[PDB]
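Structure first, then comments.
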Amino acid sequence: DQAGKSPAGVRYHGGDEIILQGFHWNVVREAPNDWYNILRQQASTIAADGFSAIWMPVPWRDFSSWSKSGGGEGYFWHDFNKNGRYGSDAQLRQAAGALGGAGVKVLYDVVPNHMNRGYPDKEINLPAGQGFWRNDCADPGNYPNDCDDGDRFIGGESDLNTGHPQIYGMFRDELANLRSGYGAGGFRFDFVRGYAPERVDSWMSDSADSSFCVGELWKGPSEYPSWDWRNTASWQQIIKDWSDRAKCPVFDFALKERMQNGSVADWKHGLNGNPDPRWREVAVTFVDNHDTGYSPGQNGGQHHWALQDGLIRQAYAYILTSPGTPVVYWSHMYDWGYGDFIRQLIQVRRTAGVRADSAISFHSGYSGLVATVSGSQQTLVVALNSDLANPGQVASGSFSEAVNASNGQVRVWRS
Ligand SMILES: [Ca+2]
Ligand SMILES: [Ca+2]
């Protein structure tokens, strides 16, 4: 595993990560108080399957509950105590130690934008009237105010002033605590529309400068005011701007938007397909997560923007053979039967030496998506939902078949 920032200082940890999202939405209900135990038992399998990193659930305990129903998943934590719904503090340390010991770096989901302000029994008790909260200031709507330089979560009454020096430092110190005591190799930043991107750069500089970073900016052009250049920008431009200012890789919601709304041919318009390596190498690609996708259990999870059945293998073949940094969803890998296919694709990626900045060229004249990917060791030809017959139609050189699945709807050849 190679470390290192990008030529622009973006914390993509060498560009060679292959990430597992290590939970689904209903874990706290399907495996009560037992998930860290399961992750520890699975650590050697996760490593054998080829993952270099695991995105862990929010480690801060969350005892919220609402009624559709949910709660406890981590995104409405009430303090940093690790004895939450995924397992105990001791069980987390054991899981992180087993994962890191197997070569899987541990990335913690962290939620700075808000906390369960009203929870009656908690270690973090921030009064009103000192500037600790968004709503200490006038709050006319969902946009920055004088106590919060980003957007708000629902009504905003639980949004923290993350730029207040005491609140900034509270998170700074907890990121350091996760690194020194819980084996953190980096962080996944939740709801980054909620606070300044520069604050993520500051947090990482202070507490984990050489670690891996990724932020979730999920905000389409139409959510920006009419005077904001982002209101008429592409999804790529919006998330790339965030990554520039955070010095952090960013989830490729431009690719997700094309997978949900466009054709397979159109998947080339994700951030990870951009011909400028400074653009595509900061993309963190994914098929579904705990929010967009289904989960086992109640209500099928959230499924807010789920990829249809018929495209799952194509989508995994695309992200695992292409630039950017790919993320595999727990339930596709270990619940729903795509594991052997994904295992094969990870081996193909590693054997070809595809990394976050590998070149990718898209070919016209065929149906579907046809791409040539320049790995450090091999060239790949990838044909998804395509009438391409063979790689010699689009590439020079000698090729052999590496993947052929779904009646030829997923084909990969390697040089
Ligand atoms: Ca690395
Ligand atoms: Ca906020």
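Taken over the alpha carbons of region 105-258 as equal point scatterers, the Debye sum produces base-10 log I(q)/I(0) values at 0.11, 0.12, 0.15 Å⁻¹ of -0.44, -0.53, -0.82. Report the normalised scattering of region 278-413 as log10 I(q)/I(0) at q = 0.12, 0.14, 0.21 Å⁻¹, calculated by the Debye formula with identical scatterers on the alpha carbons. Normalising to I(0) and taking log10 leaves -0.47, -0.63, -1.29. Taken one residue at a time, the phi angles of region 239-251 give Karplus couplings (6.51, -1.76, 1.60, θ = phi - 60°) of 6, 5, 4, 4, 4, 4, 7, 8, 6, 9, x, 9, 4 Hz. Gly and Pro are set to x. Translational diffusion of region 359-414, estimated by Stokes-Einstein from the Kirkwood radius over alpha carbon pairs at 10 °C in a medium of 1.306 mPa s, is 143 µm² per second.
Ordering 126, 307 from the fewest to the most neighbouring beta carbons within 10 Å gives 126, 307. Karplus-based coupling profile of region 214-222, in residue order and whole Hz: 8, x, 9, 9, 10, 6, x, x, 5, with θ = phi - 60° in 6.51 cos²θ - 1.76 cosθ + 1.60 and x standing for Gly or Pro. With the Kirkwood sum run over all distinct C-alpha pairs, the chain has a hydrodynamic radius of 21.8 Å. For the chain, DSSP calls about 50 percent of its internal beta bridges antiparallel. Our estimate of slack between residue 308 and residue 146, defined as 0.36 nm per intervening residue step minus the Cα-Cα distance, is 54.1 nm. Just to confirm my numbers, what's the Cα centroid distance between region 55-130 and region 325-385 in Å? Cα centres, region 55-130 to region 325-385: 33 Å.
The Kirkwood hydrodynamic radius of region 289-367, based on inverse pair distances between different Cα atoms, is 14.0 Å. Counting 0.36 nm for each residue step from residue 389 to residue 224 and taking away their Cα separation leaves a gain of 55.0 nm.
Toward the positive end of the charge dipole of region 155-225, with +1 on the Cβ of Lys and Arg and -1 on the Cβ of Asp and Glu, the farthest Cα among 160, 222, 205 is that of 205.
Report note on the peptides 252-265, 156-169: ranked by the mean count of other C-beta atoms within 10 Å, highest first, their order is 252-265, 156-169. Among the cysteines of the chain, each one has another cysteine beta carbon less than 4.7 Å from its own.
Net charge in the neighbourhood of residue 134 (other residues with Cβ under 15 Å of its Cβ; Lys, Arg +1, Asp, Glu -1) is -4. One decimal place: the segment residue 232-residue 209 gains 4.9 nm when fully extended, by the rule 0.36 nm per residue minus the C-alpha distance.
Karplus-based coupling profile of region 94-103, in residue order and whole Hz: 5, 5, 4, x, 5, 5, x, x, 8, x, with θ = phi - 60° in 6.51 cos²θ - 1.76 cosθ + 1.60 and x standing for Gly or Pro.
Going from the fewest other Cβ atoms within 10 Å to the most, the residues 147, 137 appear in the order 137, 147.
Within region 264-415, DSSP assigns beta bridges of which about 90% are antiparallel (rounded to the nearest 5).
Ideal geometry is used to build each Cβ from the backbone, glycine not excepted, and the neighbour counts take in all protein chains shown. Rule-based calculations on the coordinates, nothing more; no lab input.
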